[PDB]
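> Below you will find the structure I want to go over with you.
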Amino acid sequence: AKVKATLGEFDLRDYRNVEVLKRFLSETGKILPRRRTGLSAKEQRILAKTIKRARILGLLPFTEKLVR
Amino acid sequence: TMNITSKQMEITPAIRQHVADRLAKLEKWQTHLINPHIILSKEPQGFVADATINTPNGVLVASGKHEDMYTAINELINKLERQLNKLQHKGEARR
Amino acid sequence: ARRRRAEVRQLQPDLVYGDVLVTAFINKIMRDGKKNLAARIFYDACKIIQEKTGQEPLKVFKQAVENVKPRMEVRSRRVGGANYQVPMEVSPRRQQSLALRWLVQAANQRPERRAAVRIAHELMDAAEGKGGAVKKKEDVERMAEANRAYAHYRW
Amino acid sequence: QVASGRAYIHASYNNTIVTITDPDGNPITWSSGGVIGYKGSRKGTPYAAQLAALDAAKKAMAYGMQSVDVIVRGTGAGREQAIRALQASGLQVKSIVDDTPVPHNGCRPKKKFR
RNA sequence: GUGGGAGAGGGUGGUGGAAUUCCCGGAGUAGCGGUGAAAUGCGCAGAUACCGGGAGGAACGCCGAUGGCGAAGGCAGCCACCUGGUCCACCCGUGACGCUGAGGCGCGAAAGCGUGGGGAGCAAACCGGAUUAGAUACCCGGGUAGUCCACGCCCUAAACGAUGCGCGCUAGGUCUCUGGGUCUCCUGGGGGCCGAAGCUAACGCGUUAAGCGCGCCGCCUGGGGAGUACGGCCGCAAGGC
Ligand SMILES: [Mg+2]
Ligand SMILES: [Mg+2]
Ligand SMILES: [Mg+2]
Ligand SMILES: [Mg+2]
Ligand SMILES: [Mg+2]
Ligand SMILES: [Mg+2]
Ligand SMILES: [Mg+2]
Ligand SMILES: [Mg+2]
Ligand SMILES: [Mg+2]
Ligand SMILES: [Mg+2]
Ligand SMILES: [Mg+2]
Ligand SMILES: [Mg+2]
Ligand SMILES: [Mg+2]
Ligand SMILES: [Mg+2]
Ligand SMILES: [Mg+2]
Ligand SMILES: [Mg+2]
Ligand SMILES: [Mg+2]
Ligand SMILES: [Mg+2]
Ligand SMILES: [Mg+2]
Ligand SMILES: [Mg+2]
Ligand SMILES: [Mg+2]
Ligand SMILES: [Mg+2]
Ligand SMILES: [Mg+2]
Ligand SMILES: [Mg+2]
Ligand SMILES: [Mg+2]
Ligand SMILES: [Mg+2]
Ligand SMILES: [Mg+2]
Ligand SMILES: [Mg+2]
Ligand SMILES: [Mg+2]
Ligand SMILES: [Mg+2]
Ligand SMILES: [Mg+2]
Ligand SMILES: [Mg+2]
Ligand SMILES: [Mg+2]
Ligand SMILES: [Mg+2]
Ligand SMILES: [Mg+2]
Ligand SMILES: [Mg+2]
Ligand SMILES: [Mg+2]
Ligand SMILES: [Mg+2]
Ligand SMILES: [Mg+2]
Ligand SMILES: [Mg+2]
């Protein structure tokens with residue numbers, strides 16, 4: 001279930017877009033690994049940098065509790 | 001109690017109580033030394049001292065060998081001490 | 001028993017009640033191979049089991065055996081630096097064996113002078129739930145239980 | 001007197017503690033492996049967690065508690081057993097959430113943990 | 001020179017959340033904590049577990065990698081500024097302007113030192129509890145320097161790839177990071193693995209050589225005595241060369 005396919009053509013590097021970015025976080029809030037996001041290396045970097053900006057802005061979380 | 005066998009040798013009350021005294025070193029560990037038995041013996045190279053002892057946690061067996069009889073006996077106790085500290089501490093690897 | 005599984009012998013059923021459980025018992029009464037002896041005791045007791053408390057000595061015997069077999073027992077493992085008494089169920093094999101053993105053992109500690117009487121009475125009481133044997137059972141079983149929380153170290 | 005409320009499970013390697021709260025999160029009653037007759041490492045066991053979670057729910061039911069959400073903290077031997085035991089309590093277990101706290105690489109741990 | 005790229009390279013300011021500790025308010029009761037098992041310790045003077053509020057310091061989870069960057073030491077939340085190194089393309093400028101490098105100069109982990117801040121967590125020394133024959137330890141409960149910041153010193157190391165720098169030459173296979181191309185692939189620069197030849201005492205090395213060659217520098221010459229003594233230079237001392 002690879003994520004870059006689960007979504008269209010986008011801008012990773014756009015920190016305001018919470019609907020795209022939310023997909024790249026796990027259920028627990030963690031930045032998902034390449035093994036999931038399907039980003040390349042260079043990509044996955046730009047991802048995490050911008051995810052992080054967004055979480056400072058209040059948009060994406062930092063942690064989330066795990067619901068069973 | 002403690003028995004000493006001087007094999008093919010003419011031993012003495014004095015050196016007997018000396019070996020009783022050297023063996024006393026193992027009393028250090030405070031563990032029952034059951035019917036200990038030393039054997040003193042000549043040999044062309046030098047003397048030989050054997051001892052075989054059972055304790056609640058196992059048995060000690062060892063041979064000392066040397067020119068001087070007394071250094072043979074010491075060697076014997078030195079070897080016995082090691083064996084005794086090992087029976088006493090061995091499973092403490094209980095993590 | 002390193003190698004395979006250790007066969008449990010079956011046993012010739014007895015020449016009075018035709019039931020294996022009796023010979024095992026008689027076997028447990030036996031001492032120094034003298035089996036004829038081991039027999040009369042059981043049967044003599046069986047005289048007494050009818051004489052007093054008129055009933056079916058077979059019934060009484062087979063009852064007090066089920067009144068003895070321990071359902072749960074402790075068997076102790078070394079873990080780390082302490083030896084834990086551990087709760088485990090007894091095999092039907094082992095329960096029989098523990099049944100018969102405590103029965104006799106407790107029998108022979110009774111104050112009765114004549115052996116078969118001792119056997120008579122111990123069985124009559126165990127049928128009812130009273131005696132040295134029964135205790136040993138209930139005992140072993142409270143010693144399990146209370147260890148219930150060591151039931152995870154269980155093989 | 002509250003029917004809806006919360007169960008907090010504190011599960012360490014040493015013990016298991018259950019505290020039941022109001023919906024606001026104020027303790028109604030609590031229990032631990034120690035509250036049952038266990039001392040030493042026996043407190044740590046899953047059986048102990050169970051016995052503790054029961055007694056906690058039990059006590060809670062006397063204040064008329066029926067529904068709880070269950071909140072779980074720590075990695076214990078008794079973690080799962082406590083969860084189980086509340087479900088078999090007669091309490092409703094309206095949910096289960098893991099809140100176990102974790103540093104984003106915080107304070108230096110005691111030497112044991114390095 | 002022009003034009004592009006990747007990066008935890010360095011310095012300065014600022015800034016976010018998780019967590020630990022403490023304090024305050026609430027609610028609650030008989031234990032919590034800890035170990036191999038315990039005890040010291042904390043707790044009815046209300047602890048632990050739970051909720052709200054506050055203070056403060058340090059380190060930055062996921063991403064994260066066998067990854068990246070740096071001459072080495074070493075460098076990791078996020079933002080901006082100042083700034084070094086380095087790679088690719090174009091084949092445009094100069095015209096051997098190179099290589100190495102005794103001395104010199106500068107950088108140099110941790111610990112340590114000075115002056116002044118700061119101090120949550122951790123923790124030499126130190127105090128207890130256990131373990132043990134004993135236990136000036138390992139394990140447990142406490143705990144001060146220090147760990148953090150500024151400035152100034154110290155100059156060490158298993159400071160390691162135990163492998164000095166530059167250049168040229170000598171099969172390939174595989175996966176990986178980062179460029180450029182007419183994109184199965186081709187091709188530079190880097191990080192790994194397996195291996196031609198060849199090397200090696202063996203282990204192993206092998207276009208990231210320990211192969212084949214040139215240049216320059218450093219170093220070795222049996223073990224201990226000893227990185228000691230003496231002299232000298234350096235340092236506040238420790239102590240370094
Ligand atoms: Mg405990
Ligand atoms: Mg920086
Ligand atoms: Mg800053
Ligand atoms: Mg309070
Ligand atoms: Mg009071
Ligand atoms: Mg709080
Ligand atoms: Mg690396
Ligand atoms: Mg290094
Ligand atoms: Mg030209
Ligand atoms: Mg020209
Ligand atoms: Mg120089
Ligand atoms: Mg330094
Ligand atoms: Mg320092
Ligand atoms: Mg110093
Ligand atoms: Mg000092
Ligand atoms: Mg200082
Ligand atoms: Mg100071
Ligand atoms: Mg302090
Ligand atoms: Mg002393
Ligand atoms: Mg001490
Ligand atoms: Mg300590
Ligand atoms: Mg401490
Ligand atoms: Mg303090
Ligand atoms: Mg290394
Ligand atoms: Mg060197
Ligand atoms: Mg050099
Ligand atoms: Mg390469
Ligand atoms: Mg490099
Ligand atoms: Mg190789
Ligand atoms: Mg070859
Ligand atoms: Mg190659
Ligand atoms: Mg070589
Ligand atoms: Mg020499
Ligand atoms: Mg010497
Ligand atoms: Mg030195
Ligand atoms: Mg010197
Ligand atoms: Mg000098
Ligand atoms: Mg001077
Ligand atoms: Mg000083
Ligand atoms: Mg040197």
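Here's how to read the names in the structure tokens: chain A, B, ... by the order shown, residue numbers from 1 in each chain, ligand numbers from 1 in the order shown.
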Chain E residues within 12 Å of chain C, counting only C-alpha atoms (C1' of nucleotides): which ones, as a list in words?

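Listing them in order of chain and number gives residues 35, 36, 37, 38 and 131 of chain E.
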
> At a cut-off of 12 Å, which residues of chain B touch chain C? Count only C-alpha atoms and give the answer as a ChimeraX atom specification.

/B:91-95

> List the spatial neighbours of segment 72-78 of chain E as a PyMOL selection string - criterion: any atom at most 7 Å away, only C-alpha atoms (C1' of nucleotides), same-chain residues fewer than 3 positions off excluded.

(chain A and resi 52-53) or (chain E and resi 8+60+108-109+159)

> Please produce a file of those selected residues containing N, CA, C and O atoms (P, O5', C5', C4', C3', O3' and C1' of nucleotides), as a PDB file, in the first residue's frame.


ATOM      1  N   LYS A  52       8.146  18.718   9.479  1.00  0.00           N
ATOM      2  CA  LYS A  52       8.568  19.377  10.702  1.00  0.00           C
ATOM      3  C   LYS A  52       8.188  20.856  10.788  1.00  0.00           C
ATOM      4  O   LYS A  52       7.660  21.276  11.815  1.00  0.00           O
ATOM      5  N   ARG A  53       8.431  21.645   9.735  1.00  0.00           N
ATOM      6  CA  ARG A  53       7.995  23.048   9.770  1.00  0.00           C
ATOM      7  C   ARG A  53       6.515  23.082  10.130  1.00  0.00           C
ATOM      8  O   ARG A  53       6.101  23.770  11.062  1.00  0.00           O
TER       9      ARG A  53
ATOM     10  P     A E   8      21.430  17.422   5.724  1.00  0.00           P
ATOM     11  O5'   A E   8      21.883  17.111   7.222  1.00  0.00           O
ATOM     12  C5'   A E   8      21.677  18.037   8.275  1.00  0.00           C
ATOM     13  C4'   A E   8      22.821  18.027   9.270  1.00  0.00           C
ATOM     14  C3'   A E   8      24.229  17.936   8.712  1.00  0.00           C
ATOM     15  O3'   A E   8      24.673  19.157   8.163  1.00  0.00           O
ATOM     16  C1'   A E   8      24.011  16.675  10.719  1.00  0.00           C
ATOM     17  P     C E  60      21.488  16.196  21.276  1.00  0.00           P
ATOM     18  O5'   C E  60      20.150  15.370  21.023  1.00  0.00           O
ATOM     19  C5'   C E  60      19.387  15.550  19.843  1.00  0.00           C
ATOM     20  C4'   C E  60      18.012  14.958  19.967  1.00  0.00           C
ATOM     21  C3'   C E  60      17.220  14.953  18.679  1.00  0.00           C
ATOM     22  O3'   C E  60      16.310  13.862  18.682  1.00  0.00           O
ATOM     23  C1'   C E  60      16.236  16.487  20.236  1.00  0.00           C
ATOM     24  P     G E 108      39.665  23.860  18.153  1.00  0.00           P
ATOM     25  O5'   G E 108      39.979  22.330  18.536  1.00  0.00           O
ATOM     26  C5'   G E 108      39.349  21.249  17.863  1.00  0.00           C
ATOM     27  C4'   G E 108      40.170  19.985  17.937  1.00  0.00           C
ATOM     28  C3'   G E 108      40.438  19.437  19.316  1.00  0.00           C
ATOM     29  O3'   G E 108      39.367  18.697  19.798  1.00  0.00           O
ATOM     30  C1'   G E 108      42.422  19.407  18.065  1.00  0.00           C
ATOM     31  P     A E 109      38.314  19.379  20.770  1.00  0.00           P
ATOM     32  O5'   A E 109      37.460  18.151  21.279  1.00  0.00           O
ATOM     33  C5'   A E 109      36.624  17.463  20.382  1.00  0.00           C
ATOM     34  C4'   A E 109      36.243  16.106  20.893  1.00  0.00           C
ATOM     35  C3'   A E 109      35.901  15.987  22.345  1.00  0.00           C
ATOM     36  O3'   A E 109      34.686  16.583  22.693  1.00  0.00           O
ATOM     37  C1'   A E 109      37.086  14.094  21.644  1.00  0.00           C
ATOM     38  P     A E 159      40.836   5.939  19.316  1.00  0.00           P
ATOM     39  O5'   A E 159      41.822   6.629  18.309  1.00  0.00           O
ATOM     40  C5'   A E 159      42.768   7.565  18.733  1.00  0.00           C
ATOM     41  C4'   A E 159      42.580   8.848  17.984  1.00  0.00           C
ATOM     42  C3'   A E 159      43.495   9.087  16.788  1.00  0.00           C
ATOM     43  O3'   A E 159      43.059   8.371  15.613  1.00  0.00           O
ATOM     44  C1'   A E 159      43.311  11.055  18.122  1.00  0.00           C
TER      45        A E 159
END

> Hey, what does DSSP flag as strand (DSSP E) within chain C? Can you give it to me as a PyMOL selection string?

chain C and resi 72-74+77-79+82-84+87-89

> Could you list the protein, DNA and RNA residues that have any atom within 12 Å of ligand 30, counting only C-alpha atoms (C1' of nucleotides) and all ligand atoms, and write them as a PyMOL selection string?

chain E and resi 195-200+206

> So that I can see what lies close to residue 18 of chain D, please list as a list in words the residues with an atom at most 8 Å from it, counting only C-alpha atoms (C1' of nucleotides) and leaving out residues fewer than 6 positions away in the same chain.

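In the requested format, the answer is residues 7, 8, 9, 10, 30, 31, 32, 52, 53 and 56 of chain D; 49 of chain E.
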
> Take the residues just selected and output them with N, CA, C and O atoms (P, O5', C5', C4', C3', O3' and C1' of nucleotides) as a PDB file, in the first residue's frame.


ATOM      1  N   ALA D   7     -10.237   4.186  33.326  1.00  0.00           N
ATOM      2  CA  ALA D   7      -9.274   3.259  33.935  1.00  0.00           C
ATOM      3  C   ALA D   7      -7.893   3.561  33.410  1.00  0.00           C
ATOM      4  O   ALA D   7      -7.648   3.587  32.195  1.00  0.00           O
ATOM      5  N   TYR D   8      -6.980   3.811  34.333  1.00  0.00           N
ATOM      6  CA  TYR D   8      -5.614   4.096  33.946  1.00  0.00           C
ATOM      7  C   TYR D   8      -4.815   2.886  34.365  1.00  0.00           C
ATOM      8  O   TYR D   8      -4.911   2.423  35.510  1.00  0.00           O
ATOM      9  N   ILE D   9      -4.076   2.334  33.417  1.00  0.00           N
ATOM     10  CA  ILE D   9      -3.196   1.214  33.720  1.00  0.00           C
ATOM     11  C   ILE D   9      -1.726   1.608  33.676  1.00  0.00           C
ATOM     12  O   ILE D   9      -1.174   1.965  32.621  1.00  0.00           O
ATOM     13  N   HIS D  10      -1.117   1.562  34.853  1.00  0.00           N
ATOM     14  CA  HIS D  10       0.290   1.837  35.003  1.00  0.00           C
ATOM     15  C   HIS D  10       0.977   0.488  35.123  1.00  0.00           C
ATOM     16  O   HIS D  10       0.839  -0.224  36.130  1.00  0.00           O
ATOM     17  N   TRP D  30      -8.556   3.151  43.424  1.00  0.00           N
ATOM     18  CA  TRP D  30      -7.364   2.651  42.748  1.00  0.00           C
ATOM     19  C   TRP D  30      -6.971   1.292  43.332  1.00  0.00           C
ATOM     20  O   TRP D  30      -7.435   0.911  44.411  1.00  0.00           O
ATOM     21  N   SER D  31      -6.114   0.568  42.620  1.00  0.00           N
ATOM     22  CA  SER D  31      -5.516  -0.661  43.147  1.00  0.00           C
ATOM     23  C   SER D  31      -4.163  -1.026  42.503  1.00  0.00           C
ATOM     24  O   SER D  31      -3.790  -0.510  41.437  1.00  0.00           O
ATOM     25  N   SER D  32      -3.439  -1.927  43.165  1.00  0.00           N
ATOM     26  CA  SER D  32      -2.138  -2.375  42.690  1.00  0.00           C
ATOM     27  C   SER D  32      -1.903  -3.805  43.095  1.00  0.00           C
ATOM     28  O   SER D  32      -2.677  -4.350  43.866  1.00  0.00           O
ATOM     29  N   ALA D  52      -5.459  -7.262  40.672  1.00  0.00           N
ATOM     30  CA  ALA D  52      -5.566  -5.832  40.942  1.00  0.00           C
ATOM     31  C   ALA D  52      -6.613  -5.111  40.110  1.00  0.00           C
ATOM     32  O   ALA D  52      -7.369  -4.288  40.624  1.00  0.00           O
ATOM     33  N   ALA D  53      -6.639  -5.392  38.820  1.00  0.00           N
ATOM     34  CA  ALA D  53      -7.625  -4.760  37.966  1.00  0.00           C
ATOM     35  C   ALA D  53      -9.045  -5.161  38.379  1.00  0.00           C
ATOM     36  O   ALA D  53      -9.955  -4.335  38.362  1.00  0.00           O
ATOM     37  N   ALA D  56     -10.012  -3.321  41.538  1.00  0.00           N
ATOM     38  CA  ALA D  56     -10.231  -1.917  41.168  1.00  0.00           C
ATOM     39  C   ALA D  56     -11.602  -1.689  40.537  1.00  0.00           C
ATOM     40  O   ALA D  56     -12.348  -0.817  40.960  1.00  0.00           O
TER      41      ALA D  56
ATOM     42  P     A E  49       3.716   7.860  40.174  1.00  0.00           P
ATOM     43  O5'   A E  49       2.286   7.255  39.820  1.00  0.00           O
ATOM     44  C5'   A E  49       2.170   5.933  39.313  1.00  0.00           C
ATOM     45  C4'   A E  49       0.736   5.547  39.085  1.00  0.00           C
ATOM     46  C3'   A E  49      -0.142   6.601  38.429  1.00  0.00           C
ATOM     47  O3'   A E  49       0.021   6.672  37.033  1.00  0.00           O
ATOM     48  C1'   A E  49      -1.240   5.784  40.321  1.00  0.00           C
TER      49        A E  49
END

> I'd like to know which of B:43, B:81, B:21, B:10 is closest to chain E, using only C-alpha atoms (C1' of nucleotides).

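Once distances to chain E are computed over only C-alpha atoms (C1' of nucleotides), the minimum belongs to B:81.
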
> With distances taken over only C-alpha atoms, which residue among D:33, D:47, D:61, D:15 lies nearest chain C?

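Checking each candidate against chain C, we get D:47 as the closest.
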
> Counting only C-alpha atoms (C1' of nucleotides), collect the residues of chain E whose closest atom lies at most 12 Å from chain A, and write them out as number ranges by chain.

E: 5-7, 15-18, 61-65, 67-68, 77-79, 176-178

> Could you pull out the residues sitting within 12 Å of ligand 20, using only C-alpha atoms (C1' of nucleotides) and all ligand atoms, and write them as a list in words?

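Using only C-alpha atoms (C1' of nucleotides) and all ligand atoms, I find these residues within 12 Å of ligand 20: residues 40, 126, 127, 128, 129, 130, 131, 135, 136, 137, 138, 139, 140, 141 and 142 of chain E.
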
> If you count only C-alpha atoms (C1' of nucleotides) and all ligand atoms, which residues end up within 10 Å of ligand 37, as a list in words?

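With only C-alpha atoms (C1' of nucleotides) and all ligand atoms and a cut-off of 10 Å, ligand 37 is contacted by residues 229, 230, 231 and 232 of chain E.
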
> Just write the chosen residues, N, CA and C atoms (P, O5', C5', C4', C3', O3' and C1' of nucleotides), as a PDB file, in the first residue's frame.


ATOM      1  P     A E 229      60.373  10.768  35.755  1.00  0.00           P
ATOM      2  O5'   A E 229      61.956  10.796  35.888  1.00  0.00           O
ATOM      3  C5'   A E 229      62.616  10.032  36.876  1.00  0.00           C
ATOM      4  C4'   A E 229      64.097  10.072  36.679  1.00  0.00           C
ATOM      5  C3'   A E 229      64.691  11.437  36.423  1.00  0.00           C
ATOM      6  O3'   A E 229      64.835  12.219  37.587  1.00  0.00           O
ATOM      7  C1'   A E 229      65.622   9.851  34.945  1.00  0.00           C
ATOM      8  P     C E 230      64.568  13.807  37.526  1.00  0.00           P
ATOM      9  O5'   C E 230      65.814  14.324  36.737  1.00  0.00           O
ATOM     10  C5'   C E 230      67.096  14.220  37.303  1.00  0.00           C
ATOM     11  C4'   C E 230      68.148  14.487  36.285  1.00  0.00           C
ATOM     12  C3'   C E 230      68.015  15.798  35.543  1.00  0.00           C
ATOM     13  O3'   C E 230      68.450  16.918  36.287  1.00  0.00           O
ATOM     14  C1'   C E 230      68.483  14.079  34.009  1.00  0.00           C
ATOM     15  P     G E 231      67.677  18.333  36.165  1.00  0.00           P
ATOM     16  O5'   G E 231      68.022  18.808  34.709  1.00  0.00           O
ATOM     17  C5'   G E 231      69.285  19.368  34.437  1.00  0.00           C
ATOM     18  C4'   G E 231      69.498  19.566  32.963  1.00  0.00           C
ATOM     19  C3'   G E 231      68.548  20.537  32.266  1.00  0.00           C
ATOM     20  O3'   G E 231      68.866  21.891  32.462  1.00  0.00           O
ATOM     21  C1'   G E 231      68.714  18.582  30.982  1.00  0.00           C
ATOM     22  P     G E 232      67.690  22.933  32.837  1.00  0.00           P
ATOM     23  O5'   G E 232      67.058  23.312  31.432  1.00  0.00           O
ATOM     24  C5'   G E 232      67.874  23.629  30.328  1.00  0.00           C
ATOM     25  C4'   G E 232      67.136  23.435  29.036  1.00  0.00           C
ATOM     26  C3'   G E 232      65.777  24.096  28.949  1.00  0.00           C
ATOM     27  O3'   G E 232      65.844  25.464  28.648  1.00  0.00           O
ATOM     28  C1'   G E 232      65.623  21.899  28.136  1.00  0.00           C
TER      29        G E 232
END

> Could you pull out the residues sitting within 12 Å of ligand 31, using only C-alpha atoms (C1' of nucleotides) and all ligand atoms, and write them as a list in words?

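If we count only C-alpha atoms (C1' of nucleotides) and all ligand atoms, the neighbours of ligand 31 turn out to be residues 171, 172, 173, 174, 192, 193, 194, 195, 196, 206, 207, 208 and 209 of chain E.
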
> Store the residues picked out above, limited to N, CA, C and O atoms (P, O5', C5', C4', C3', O3' and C1' of nucleotides), as a PDB file, in the first residue's frame.


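As a result, again35.pdb now contains:
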ATOM      1  P     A E 171      43.286  -3.771 -17.057  1.00  0.00           P
ATOM      2  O5'   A E 171      42.033  -3.908 -16.098  1.00  0.00           O
ATOM      3  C5'   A E 171      41.882  -5.021 -15.258  1.00  0.00           C
ATOM      4  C4'   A E 171      40.824  -5.950 -15.767  1.00  0.00           C
ATOM      5  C3'   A E 171      39.385  -5.453 -15.722  1.00  0.00           C
ATOM      6  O3'   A E 171      39.062  -4.575 -16.784  1.00  0.00           O
ATOM      7  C1'   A E 171      39.497  -7.677 -14.957  1.00  0.00           C
ATOM      8  P     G E 172      37.640  -3.779 -16.814  1.00  0.00           P
ATOM      9  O5'   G E 172      36.687  -4.649 -15.885  1.00  0.00           O
ATOM     10  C5'   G E 172      35.302  -4.763 -16.155  1.00  0.00           C
ATOM     11  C4'   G E 172      34.793  -6.097 -15.703  1.00  0.00           C
ATOM     12  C3'   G E 172      33.512  -6.086 -14.888  1.00  0.00           C
ATOM     13  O3'   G E 172      32.343  -6.097 -15.685  1.00  0.00           O
ATOM     14  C1'   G E 172      35.150  -7.312 -13.719  1.00  0.00           C
ATOM     15  P     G E 173      31.010  -5.323 -15.204  1.00  0.00           P
ATOM     16  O5'   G E 173      30.440  -6.247 -14.042  1.00  0.00           O
ATOM     17  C5'   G E 173      30.109  -7.590 -14.277  1.00  0.00           C
ATOM     18  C4'   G E 173      29.669  -8.286 -13.009  1.00  0.00           C
ATOM     19  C3'   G E 173      28.681  -7.531 -12.137  1.00  0.00           C
ATOM     20  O3'   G E 173      27.351  -7.612 -12.597  1.00  0.00           O
ATOM     21  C1'   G E 173      30.412  -8.343 -10.779  1.00  0.00           C
ATOM     22  P     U E 174      26.395  -6.319 -12.526  1.00  0.00           P
ATOM     23  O5'   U E 174      25.992  -6.282 -10.982  1.00  0.00           O
ATOM     24  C5'   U E 174      25.467  -7.435 -10.325  1.00  0.00           C
ATOM     25  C4'   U E 174      25.513  -7.278  -8.821  1.00  0.00           C
ATOM     26  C3'   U E 174      24.908  -5.996  -8.254  1.00  0.00           C
ATOM     27  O3'   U E 174      23.486  -6.017  -8.163  1.00  0.00           O
ATOM     28  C1'   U E 174      27.013  -6.355  -7.267  1.00  0.00           C
ATOM     29  P     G E 192      33.522   3.473   3.267  1.00  0.00           P
ATOM     30  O5'   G E 192      32.761   2.387   2.387  1.00  0.00           O
ATOM     31  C5'   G E 192      33.105   1.015   2.430  1.00  0.00           C
ATOM     32  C4'   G E 192      31.870   0.149   2.403  1.00  0.00           C
ATOM     33  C3'   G E 192      32.060  -1.288   1.968  1.00  0.00           C
ATOM     34  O3'   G E 192      32.620  -2.104   2.975  1.00  0.00           O
ATOM     35  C1'   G E 192      30.186  -0.411   0.876  1.00  0.00           C
ATOM     36  P     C E 193      33.874  -3.056   2.649  1.00  0.00           P
ATOM     37  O5'   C E 193      33.163  -4.353   2.055  1.00  0.00           O
ATOM     38  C5'   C E 193      32.039  -4.921   2.711  1.00  0.00           C
ATOM     39  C4'   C E 193      31.209  -5.765   1.776  1.00  0.00           C
ATOM     40  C3'   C E 193      31.951  -6.824   0.989  1.00  0.00           C
ATOM     41  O3'   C E 193      32.227  -7.967   1.752  1.00  0.00           O
ATOM     42  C1'   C E 193      30.493  -5.676  -0.448  1.00  0.00           C
ATOM     43  P     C E 194      33.605  -8.727   1.556  1.00  0.00           P
ATOM     44  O5'   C E 194      33.438  -9.386   0.115  1.00  0.00           O
ATOM     45  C5'   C E 194      32.645 -10.549  -0.087  1.00  0.00           C
ATOM     46  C4'   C E 194      32.599 -10.953  -1.547  1.00  0.00           C
ATOM     47  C3'   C E 194      33.916 -11.378  -2.177  1.00  0.00           C
ATOM     48  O3'   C E 194      34.298 -12.692  -1.832  1.00  0.00           O
ATOM     49  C1'   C E 194      32.734  -9.964  -3.656  1.00  0.00           C
ATOM     50  P     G E 195      35.808 -13.182  -2.071  1.00  0.00           P
ATOM     51  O5'   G E 195      35.825 -13.516  -3.598  1.00  0.00           O
ATOM     52  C5'   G E 195      37.036 -13.469  -4.320  1.00  0.00           C
ATOM     53  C4'   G E 195      36.819 -12.890  -5.675  1.00  0.00           C
ATOM     54  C3'   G E 195      38.078 -12.545  -6.451  1.00  0.00           C
ATOM     55  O3'   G E 195      38.564 -13.654  -7.197  1.00  0.00           O
ATOM     56  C1'   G E 195      36.602 -10.688  -6.427  1.00  0.00           C
ATOM     57  P     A E 196      40.136 -13.805  -7.545  1.00  0.00           P
ATOM     58  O5'   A E 196      40.171 -13.693  -9.133  1.00  0.00           O
ATOM     59  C5'   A E 196      39.783 -12.503  -9.800  1.00  0.00           C
ATOM     60  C4'   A E 196      40.407 -12.428 -11.165  1.00  0.00           C
ATOM     61  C3'   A E 196      41.917 -12.625 -11.202  1.00  0.00           C
ATOM     62  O3'   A E 196      42.281 -13.986 -11.268  1.00  0.00           O
ATOM     63  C1'   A E 196      41.306 -10.713 -12.489  1.00  0.00           C
ATOM     64  P     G E 206      40.522  -3.979  -0.066  1.00  0.00           P
ATOM     65  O5'   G E 206      41.019  -4.128  -1.564  1.00  0.00           O
ATOM     66  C5'   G E 206      41.944  -3.209  -2.123  1.00  0.00           C
ATOM     67  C4'   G E 206      42.548  -3.745  -3.399  1.00  0.00           C
ATOM     68  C3'   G E 206      41.578  -3.949  -4.560  1.00  0.00           C
ATOM     69  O3'   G E 206      41.340  -2.767  -5.305  1.00  0.00           O
ATOM     70  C1'   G E 206      42.821  -5.913  -4.258  1.00  0.00           C
ATOM     71  P     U E 207      39.876  -2.469  -5.889  1.00  0.00           P
ATOM     72  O5'   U E 207      40.105  -1.163  -6.752  1.00  0.00           O
ATOM     73  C5'   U E 207      40.952  -0.137  -6.287  1.00  0.00           C
ATOM     74  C4'   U E 207      40.828   1.087  -7.134  1.00  0.00           C
ATOM     75  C3'   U E 207      39.458   1.288  -7.757  1.00  0.00           C
ATOM     76  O3'   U E 207      39.132   2.666  -7.763  1.00  0.00           O
ATOM     77  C1'   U E 207      41.099   1.093  -9.466  1.00  0.00           C
ATOM     78  P     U E 208      38.029   3.222  -6.740  1.00  0.00           P
ATOM     79  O5'   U E 208      38.796   3.167  -5.332  1.00  0.00           O
ATOM     80  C5'   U E 208      39.824   4.109  -5.003  1.00  0.00           C
ATOM     81  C4'   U E 208      40.121   4.127  -3.523  1.00  0.00           C
ATOM     82  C3'   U E 208      40.572   2.793  -2.935  1.00  0.00           C
ATOM     83  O3'   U E 208      41.599   3.010  -1.978  1.00  0.00           O
ATOM     84  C1'   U E 208      38.687   3.596  -1.759  1.00  0.00           C
ATOM     85  P     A E 209      43.138   3.182  -2.450  1.00  0.00           P
ATOM     86  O5'   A E 209      43.615   1.676  -2.681  1.00  0.00           O
ATOM     87  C5'   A E 209      43.264   0.633  -1.774  1.00  0.00           C
ATOM     88  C4'   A E 209      44.413  -0.329  -1.551  1.00  0.00           C
ATOM     89  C3'   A E 209      45.824   0.275  -1.665  1.00  0.00           C
ATOM     90  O3'   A E 209      46.668  -0.304  -0.681  1.00  0.00           O
ATOM     91  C1'   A E 209      45.675  -1.610  -3.017  1.00  0.00           C
TER      92        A E 209
END

> Taking only C-alpha atoms (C1' of nucleotides) and all ligand atoms into account, report as a VMD selection string which residues have an atom no farther than 12 Å from an atom of ligand 34.

chain E and resid 223 to 225

> Could you name the residues that touch residue 169 of chain E at 12 Å or less, counting only C-alpha atoms (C1' of nucleotides), but leaving out those on the same chain fewer than 2 positions away, as a VMD selection string?

chain E and resid 167 207 211 to 214
